[PDB]
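Note sheet for the following structure.
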Ligand SMILES: Nc1ccn([C@@H]2O[C@H](COP(=O)(O)OP(=O)(O)OP(=O)(O)O)[C@@H](O)[C@H]2O)c(=O)n1
Ligand SMILES: Nc1ccn([C@@H]2O[C@H](COP(=O)(O)OP(=O)(O)OP(=O)(O)O)[C@@H](O)[C@H]2O)c(=O)n1
Ligand SMILES: [Zn+2]
């Protein structure tokens, strides 16, 4: 639903379009998964008039495609989001974020006695859904937390 | 060269347009000056070409205007950005960042024994220019650093 | 004489409603019309056998605001083998020969009560005896509740945090149970619950209480919101952070708070009350601290001064 | 060829009932037919960044008994790799170029596991990582249990004390939940109950368990009675003395116990086991300690030898 | 009101020539005609978060010489893990509710400035904030120079010793740069040189300075000879003694010294000024110490007393 | 017969380019064809009167790897031979009747050398004596340098950090000034420059050297980049943070370096080498540490064996 009320409209020919980001989640994904660290051309729409009702963020990254696992990384902040693998101006593929195995470096261990804090390691949480409760287990201290708790960084 | 026909960057009724942001700073400004913390339409293009004057970033912020200060606050990252306020689809005014007097809430004092490393205090720095650099005197530390070092990483 | 004259203030349970009101009326009076030479030529010992600088600094300031000289010691130091030293009994008897009253904080419970067995006719004021009592903390708390709320009965008091080891919530609840029609809300984690014995007291006097899993349940109803430091050492750093988030107060949780609602906190705060909460008018914990200056002068004045002519 | 050859030992959950039995078997072989020159010319490091005299000695003796040399340290109160400035990563990066294996104890959870990413070829063994793992303790306990009861299956196992913070009881439960038909009795103070996640995990396996006020309650149903010291610092000395009447064990409690039943304790004990228990046939905590040597030799042998010839 | 009334004294750079003269004229007046009940019924906190007994003893004596009560703490003690405690912000807000002014020394630079953000309308006086400022040291120094010399401009001031880390020489030079026609001689070792940034200040205001390898070069010309402790920890014990001898003052080096010449030294002296120098009339460092009693009463009087009627 | 047989190792200056090469050679032999029973039945003492965990372990492993037994202690915070009352002379007088060799670290310079006068037959090896010698560190560095560059002659060697107090860089320079054609680049803060005497000695030999603001400056001229940790305590945290932007090394600096170039560091590192350097082919500080075992075995073998058969 390419923001088309007028003209001069946002498109792109090759690359990835990540649509249907919940409002205000957009920035965080640019931050967290460091998507801007590229010499490539990016276009971003924040607080856009969402498909039906409300606002949604959107990101378009020229001649840059991402992995099923990249896509999946997003399932914790934008599970509804959809990733588009457009080429030659056409949407040849539509993926949706599905819960990953593990979530590496983006999460912080709520345990302050975990060794991960002090050291040059990447965080790693094992992902396990407790029927809508989704539990994240830390690779080092092995303690387990609800994702609500671990998402306070 | 903010001319670029081809399916990109649109005009806006009102708001503010920050052009000629050097590349990899556009995100720095987003981040540092908390500009996504708003529910107004935001358009960001990163690494668009300034014709050939490298690759520039560009930020369009609908129904939003700034102060001379807020604009001066950008002089350190984008000393050569241009801020276009817009009302009714036309640019009723331009501005350049003018390096300010003091600098609040975004820097960090290099000095590790500065009390503004523990406590509920926003940092403030006096700014003063030298032959080939700008010095920054910490409010508390009272110590003074080249902006280049205060720009620790 | 006033009823408190020459009395030892050891526990909140030894004070009556009346005793409570008297102390508080006085504090009120001294707060409004100070008496800086009232305790002139009196010397008071400040014996902090256990360090506690806020408590001490408060007490001593009160002493000087009333005109008294202070001598004493903050202790922690080379007593690690002070057991091969003299008794507390002997320490009191010596000191009781020098000073006009004794303020003391001490590591063991019952310490202040023993003191009173040996101070002769020197009054003993408890600034803290281990996990037992801290009567002047409770008294600055009541004073603050009454001065902001207007009364001590018919209140909606919510007590939050570590309710198991929180000695001043236990004390405050015991005090408030002496007044009428109060309604208690306990919002603690299950490991740090209001001990049984308190609940039993309340049930017996037929006082209404309730457990809530969160603040927001009762926010609209509460007059006084009493927070407590969750001691983390008391926990597992894991277990801590797993529930921490549930009992942390942020400015945005008060939007529905009544106009009269006050947030109290006895002691040093950390992450339990966010800094943004400070910029609101419900924030009254610093005020509550300055009120210990009048709760404490009231005590000193009453105990050492046969007749008070405020 | 042996499944554990040049493997790291960090957490009990990374061991199978197969790997477990393997260890216990070798352990039993080494107990009978010693190999005092098995690990000749190998150099092991004993890195107690946290001191634990009991564990430390166990290991080093185990080490020497197979003929390895030992380098190491104990208690890093301010030792430059732990606590000055150096990262653990860099420490391990460095010591991994000196030795053939590493045994470490560390105050932070996950510390042994981190090591593992910087130790290259060199296997690292966990001798405790904060509140998390202590595999060697558990292998010690299983071996004993099975040496005295003849099986690790279908047992009536009672655990007592601090099931909430007893890192040993958690692990023991996990390990024993890998065998079939075991039935657990959890006697403990409510302030210290077995965590839910453990109870949960038990149930998604279908292992019979239940909770009990006191030990007399099940005394005659149990094969193994596993005591853990109650951390008194973990509670109020008033609060603590109230409950501990239902959790210390005395020989008189033993009058009705099975002849096969044995009392275990990871040690050190304070007053949870009276000394009069020490002379009954059930007392098996010093023997348990003794088996730590074989459990530990078994592990060192397995990890540093491609195959066992015993 | 006087211009200093209700002001925070945090840095020397925030004070003007005028402010400086005012403080000094006052100190002069109080030195000659004392006012021992001027600060009657006022209570001042002496918060030495960092111990410094000479500074403290001086401040407190001033407090009492003006009639004020003192409460406070000298600290060093069990703060080693006081970081898991409350903020400095919260400590100030509590205390600002009790006392009439706050004197404080603290380990971190900027500490006193932060304090002033939370003390409300309670004035904050810096007795030392890490390596940054110590304004009342500079003020007793000026007072002493002016009282012995007769002026603060047109002086030959020689500063000797460790000029790199010497916080009060940096401060004194900054103060003296506010007056006219002064001439500076720096006689430091090359490793402990007057930092660039000071020299630049001077060059900009067009003030004369000079570097000398020794005292004797300039002895005949100097009015005020300001010595500084060479911190040896700041050096190599070898490097120390290699040059030590060069910047040590003995009685016999003054023979050619002008009649008005005074030897000043802020702080504890060691080997930098020999004891024989004490028996001469140029020796003025103890006198300089007694003058902090009037520099400091001047501050307290001015800040807390709207109008002074000396 | 070997030139070093039963010789003491105290200072690098007492070693010839001949003795040096001898050590490096044996070292290389032992690295390839181990002699795990070379020093059987010998007992060595490891006398760390100053603790140094990194050095200590290196040595003891070296010790065990050649099959010697080890007796010793670490950190004499108040151990009766160092710090109670006993002289070092008497300590050595005594321990020299127990062992076949002594390795000692000591806080005072010249301490190893003193030992030498009381140790009789028994060789003593210096593992550090205050700020003076650390021969084993240097032999470690040379061996590495030569193992990675193939020569100790004609090198473009850059040293960075604290060249003023880096006891290691001084020694390294001396040692390498015994070979021909080496060219040094000294990048450091002026507050930390290479001492003059070193610069002097270089010049009475005619070795090309120069000083450099930063490492990018010479990045592509150097074979070896030898980093030393900058002691921040050795300067003002403001002062320190100002310079350290020009002396930390990051992989990005490495883009232009020779393929042969290697980065060395005596360890421990804090933030002078970013972790991203750790994964480049140039990073050679953990291998450097690793070679400390062979450099040290070589020495122990040489000193305690009349001749080598390798
Ligand atoms: N070459 C292309 C093609 C499409 N679009 C973007 O691709 C997204 C997906 O468009 P499309 O999936 O083909 O139809 P939609 O109807 O939005 O799919 P949906 O249910 O996901 O709305 C749209 O938001 C559109 O703006 C683009 O920028 N460049
Ligand atoms: N209602 C409006 C008004 C302006 N523009 C943006 O605001 C800027 C106006 O600058 P412009 O007047 O077009 O001059 P430019 O041609 O790029 O030259 P300059 O580069 O000097 O600023 C342009 O970046 C344009 O994209 C817009 O998108 N919507
Ligand atoms: Zn963790």
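Nothing in this text is a laboratory measurement; each read-out follows from the coordinates by a stated rule. Here the Cβ is made from the backbone with ideal geometry for all residues, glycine too, and neighbour counts use every protein chain on show.
Among B:66, B:76, B:107, the residue with the largest mean-square fluctuation in a Gaussian network model of chain B, with springs joining Cα atoms closer than 10 Å, is B:66. By how many degrees, between 0 and 90 and to the nearest 10, does the Cα long axis of helix F:167-176 differ from the longest principal axis of chain F? Value to nearest ten degrees: 90. With helices as the sole contributors, chain B gives -2000 deg cm²/dmol at 222 nm; each DSSP H run of n ≥ 4 counts as -39500 (n - 2.57), and the sum is divided by every residue.
Under the rule a/c < 1.5 gives rounded, and otherwise a/b versus b/c splits prolate from oblate, where does region F:134-291 land using the Cα gyration tensor? Mind dumping the intermediate values first?
Details: a/c = 1.43, a/b = 1.10, b/c = 1.30.
Rounded is the answer for region F:134-291, as its axis ratio a/c remains below 1.5.
Relative to the longest principal axis of the Cα atoms of chain C, helix C:53-65 runs at roughly 50 degrees. For chain E, modelled as a Gaussian network with Cα springs under 10 Å, which listed residue fluctuates most, E:185, E:226, E:197? Among E:185, E:226, E:197, the largest mean-square fluctuation in the Gaussian network model of chain E belongs to E:197. Each copy carries residue E:86; placing its label point 7 Å along the C-beta direction from Cα gives inter-copy distances of 3.6, 4.1, 5.2 nm, listed from smallest up.
Shape of region B:67-117 from its Cα gyration tensor (a ≥ b ≥ c, root eigenvalues): rounded if a/c is under 1.5, otherwise prolate when a/b > b/c, or oblate?
The shape class here is prolate.
Neighbouring Cβ atoms from other chains, within 10 Å of the Cβ of residues in E:113-122, number 3 on average. Separation of region E:117-146 from region E:283-310 is 12 Å, based on Cα centroids. Taking 0.36 nm per residue of separation and subtracting the Cα-Cα distance, full extension of the segment from residue C:80 to residue C:251 would add 57.2 nm.
Fewest neighbouring Cβ atoms within 10 Å first, the residues D:221, D:37, A:144 line up as D:37, D:221, A:144. Considering only D:49, D:294, D:286, the mean-square fluctuation computed in a Gaussian network model of chain D, springs between alpha carbons under 10 angstrom, is largest for D:286. Using the Cβ-Cβ distance between residue A:8 and residue A:63 with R0 = 25 Å, the FRET efficiency computed as 1/(1 + (r/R0)^6) comes to roughly 0.75.
Taking a virtual spin label 7 Å from the Cα of residue F:94 along the C-beta vector, which residues in region F:49-86 bring their backbone nitrogen under 19 Å of it? Counting backbone N atoms under 19 Å from the label point, the list is F:49-50, F:71-86.
Count, for each residue of E:231-244, the Cβ atoms from other chains sitting within 10 Å of its Cβ, then give me the mean as a whole number. Please report the intermediate quantities before stating the final value.
On the way: counts 0, 0, 2, 3, 2, 5, 3, 4, 4, 0, 0, 0, 0, 0.
Taking the mean over all residues of the peptide, I get 2.
Going 7 Å from Cα along the Cα-Cβ axis for the label, what nanometre distances separate residue D:67 from the same residue across the other copies? Counterpart label points of residue D:67 in the remaining copies fall at 1.2, 9.1, 9.1 nm. Ellipticity at 222 nm from helices only: DSSP H runs of n ≥ 4 in chain D, each -39500 (n - 2.57), divided by the residue count, give -10000 deg cm²/dmol. Counting neighbouring beta carbons within 10 Å and listing from fewest to most, the residues E:171, D:52 come out as D:52, E:171.
Position residue C:252: other-copy label points at 3.5, 6.1, 7.8 nm, ordered by increasing distance, label point 7 Å along Cα→C-beta.
A protection proxy built from the mean count of other Cβ atoms within 10 Å ranks the segments E:121-130, F:57-66, C:10-19, D:238-247, most packed first, as F:57-66, E:121-130, C:10-19, D:238-247. Between the Cα long axis of helix C:135-149 and the first principal axis of chain C there is an angle of about 50°, rounded to the nearest 10. Distance to the E-onto-F rotation axis is smallest for one chain E Cβ; residue and value in angstrom are E:191, 3. Just check the protein assembly as shown against the gyration tensor rule for me: Cα atoms, a ≥ b ≥ c as the square roots of the eigenvalues, rounded for a/c under 1.5, and otherwise prolate or oblate depending on whether a/b exceeds b/c. It comes out rounded by the Cα gyration axes.
With neighbour counts taken as other beta-carbon atoms within 10 Å, the residues C:201, E:159, C:194 rank, fewest first, as C:201, C:194, E:159.
Which FRET efficiency, nearest 0.05, do residue E:193 and residue D:6 yield, Cβ-Cβ r, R0 51 Å? It comes to 0.30. Taken as Cα centroids, region E:220-265 and region E:195-214 sit 19 Å apart, rounded to the nearest whole angstrom. The mean count of C-beta atoms from other chains within 10 Å of the C-beta of residues in A:97-110, rounded to a whole number, is 1.
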